[PDB]
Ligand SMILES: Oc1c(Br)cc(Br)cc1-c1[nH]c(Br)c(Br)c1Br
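Take a look at this single chain in structure tokens; it is the form solved without the ligand.
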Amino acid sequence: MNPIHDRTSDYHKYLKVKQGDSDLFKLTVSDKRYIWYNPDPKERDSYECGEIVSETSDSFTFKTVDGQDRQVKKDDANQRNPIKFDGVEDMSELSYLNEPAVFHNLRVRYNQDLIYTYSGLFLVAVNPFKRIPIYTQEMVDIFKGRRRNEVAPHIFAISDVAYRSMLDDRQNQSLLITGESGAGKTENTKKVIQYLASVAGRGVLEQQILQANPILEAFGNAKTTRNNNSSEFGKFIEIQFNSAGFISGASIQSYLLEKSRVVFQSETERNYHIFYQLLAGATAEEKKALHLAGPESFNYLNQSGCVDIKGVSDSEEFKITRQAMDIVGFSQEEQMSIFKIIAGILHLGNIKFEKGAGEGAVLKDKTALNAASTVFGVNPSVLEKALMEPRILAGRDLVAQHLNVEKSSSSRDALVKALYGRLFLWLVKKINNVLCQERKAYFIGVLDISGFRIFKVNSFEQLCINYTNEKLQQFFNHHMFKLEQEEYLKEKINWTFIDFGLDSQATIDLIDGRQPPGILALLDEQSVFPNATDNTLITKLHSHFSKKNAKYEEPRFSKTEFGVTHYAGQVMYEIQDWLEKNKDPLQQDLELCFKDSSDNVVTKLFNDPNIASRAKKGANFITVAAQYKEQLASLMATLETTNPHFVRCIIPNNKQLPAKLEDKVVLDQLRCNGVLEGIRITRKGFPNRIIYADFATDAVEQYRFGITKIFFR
């Protein structure tokens, strides 16, 4: 029996709306009309349901839950959909398209653990914050080759749609999985990968593809206050296919790894999972060879007050990371070198610099220095001198510096951050060498980049993330609205342009523009100006955009911050240390020291130009901002060669709790993601177009005859 029609199947139980009872039936056939209203107009996102009792030509009168009658203009009314629409799988079918109506549909579904809902062309996924048995091989098999309209909403169905369009249209595809921290991006990304591996698999290559994310998560994920498994890097995964539709390989591109987490963590947060995994999972032999101890013995792990995650066994995770490495193809020697680098970083963090005779730092206790030098295979006396007494050129003269405690400690942190970043780049390169071994015919790209963020402190790293999200929103806007209307106006179907009110260009230009120069261009200019400070930088920004740019704000409450109005709201950025972050400096004597390592992996991190080198940009190296703008432009160009599909992950609350869908939290995300605007284009427009020579020309309202095609709703 077909599980799609079997009321006893797990498909029906977990993916379909439960059969309503005779009491619900009686309510459903009622001719009564209702309105969604705010009992307190100071709380716009808090709604109640009121019955319409009377009407005039331009108004409705309704009874409140309290009993009192209120009047609302028909133009201002948010009518409640007939209850037969409650739980509808595609919200473009709703009679009334409004904020409480959309929220209420999502709520009815969520109360039944139905996390997936369509909003016209795209998928909405509300995080359940609990396990739902809808990702089995049995579920995969049900979704295989079914049309979107034939099955319930699911991450598997949007993945199958992308796969079929790739075969039928001979076009590359993309699945853009977006949302704020902890919304569910990474979980849904993994479901896309699992699905494609199964429906397009032949498998050794498929198993290795499935083992790529567990390796990268051990090194790129950490417990933050918003997510126990927060991704601290963005990723673009290309699943590669041959002409026949079989997976021929995969490619991974990583973005914005949060390197400062290695040296500093906020209270309750953790460093990268790998540090805890190695300390809990190492064999007694490994612990002796790498000079390991408990996380409380390392400065890089004993500052937050948190060394474990509830329900996570770090030693068991370590076995999973090690098995993922074995499957992918990392040798035991390469794995041991990877663990020596992690061990070495922890030892480097324990180096305590002290003031010596007069100005200049000394190292009184060499235990941590020697432990780091042993695992790294470097000379400890050369390491010591490179940290406290690095040599530089003053003109053409060779001068030994003598760094004080603060500068010595900052140089040591720069080395740690360089080691970790370079190791992460190396892991991605090693994974790609295995998974990308054929020339692809087509691809399905899965994008999982860091979500839009408004933290208490927003710095350069938050600007790069929010800028990326701003580019993605514009891409969504262009594909959903602009390009769609441009097709209607070119085909001459007598279309009246709709201003959807979404425009990210001014914010994008404010950040990455060249003429007039944007934030990044001004930061790069200041980064090469010898006398630049945090003060000259903020003054330069204020001079260029204050009272000149509608998206920019010079705050009255601070002298070191500026505001940017993003699609997802205003963000105040602090500029402290942006010059140093943009230069990302590392003392050349440290590079020389590590280039001379006895370790084969450490050597690659300092000698492979594609990992170690910084692009040549004349007088000075390329800045981090210029490098990132370029890497992002390249991502956008790849995305523009694809047919895109959007998955909007919605966090239900800010407490990481299941069964607690919060009005204010969800409605704020729906407004940012353009969910209502997205449903309006699907309803008001002509989503499907087929030519007469693609099936007198009419051969027969809800259609439009165009110049070269017939449009239908």
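Note that residue numbering follows the sequence shown and begins at 1.
Undergrad: Residues with no coordinates between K548 and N549 in the deposited sequence, how many: none, 1 to 3, 4 to 9, or 10 or more?
TA: In the record, the chain runs straight from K548 to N549 with none unmodelled.
Undergrad: Should the segment between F695 and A696 be described as having none, 1 to 3, 4 to 9, or 10 or more unmodelled residues of the deposited sequence?
TA: In the deposited sequence, 10 or more residues between these two have no coordinates.
Undergrad: Which of the two stretches, 20-28 or 685-693, shows the higher mean Cα temperature factor in the record?
TA: Mean C-alpha B-factor is greater for 685-693.
Undergrad: Where do the C-alpha atoms have the higher mean temperature factor in this entry, in 279-287 or in 78-86?
TA: In the deposited entry, the stretch with the higher C-alpha B-factor mean is 279-287.
Undergrad: Quick one: which of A361, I193, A250, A152 has the biggest Cα B-factor according to the entry?
TA: Answer for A361, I193, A250, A152: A361, with the highest C-alpha B-factor.
Undergrad: Based on what the PDB entry reports, which of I327, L510, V124, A218 has the top C-alpha B-factor?
TA: By C-alpha B-factor in the record, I327 ranks first.
Undergrad: Quick one: classify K352 as lowest, middle or highest third of the chain based on its Cα B-factor.
TA: Tercile = highest for this residue's CA B-factor.
Undergrad: Among the modelled residues of this chain, does the Cα B factor of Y467 put it in the lowest, middle or highest third?
TA: Lowest third.
Undergrad: Using the temperature factors of the C-alpha atoms in this entry, rank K42 within its chain: lowest, middle or highest third.
TA: For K42, whose C-alpha B-factor we compare with every modelled residue in the chain, the answer is the highest third.
Undergrad: Ranking the modelled residues of this chain by C-alpha B-factor as given in the entry, is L657 in the lowest, middle or highest third?
TA: Middle third, going by the recorded CA B-factors of the chain.
Undergrad: For the chain shown, is the CA B-factor of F594 in the lowest, middle or highest third of its modelled residues?
TA: Answer is middle: the recorded C-alpha B-factor places it there.
Only in words, not in the display: the form solved in complex with the ligand, which the text now covers.
Undergrad: Would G349 sit within 4.5 Å of the ligand in the entry with it bound, counting heavy atoms only?
TA: Close contact is absent here: in the entry with it bound, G349 is far from the ligand, nothing within 4.5 Å, heavy atoms only.
Undergrad: Consider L205 of the chain shown here, and say whether it contacts the ligand in the entry with it bound, taking contact as heavy atoms within 4.5 Å.
TA: Outside the cut-off, so no.
Undergrad: Please run the contact check for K287 against the ligand in the entry with it bound: heavy atoms, 4.5 angstroms, yes or no?
TA: No.
Undergrad: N149: heavy atom within 4.5 Å of the ligand in the entry with it bound?
TA: Outside the cut-off, so no.
Undergrad: Please pick out the stretch from 606-614, 531-539, 396-404, 350-358 that is in contact with the ligand in the entry with it bound, where contact means heavy atoms within 4.5 Å.
TA: It is the stretch 606-614.
Undergrad: Just one of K340, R109, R412, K259 has a heavy atom within 4.5 Å of the ligand in the entry with it bound. Which one?
TA: The residue in contact is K259.
Undergrad: Name the residue from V571, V601, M139, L586 that puts a heavy atom within 4.5 Å of the ligand in the entry with it bound.
TA: Of the candidates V571, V601, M139, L586, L586 is the one lying within 4.5 Å of the ligand in the entry with it bound.
Undergrad: Heavy atom within 4.5 Å of the ligand in the entry with it bound: which residues of 394-425 meet that condition, in order?
TA: Contacts from 394-425: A414, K417, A418, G421, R422, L425.
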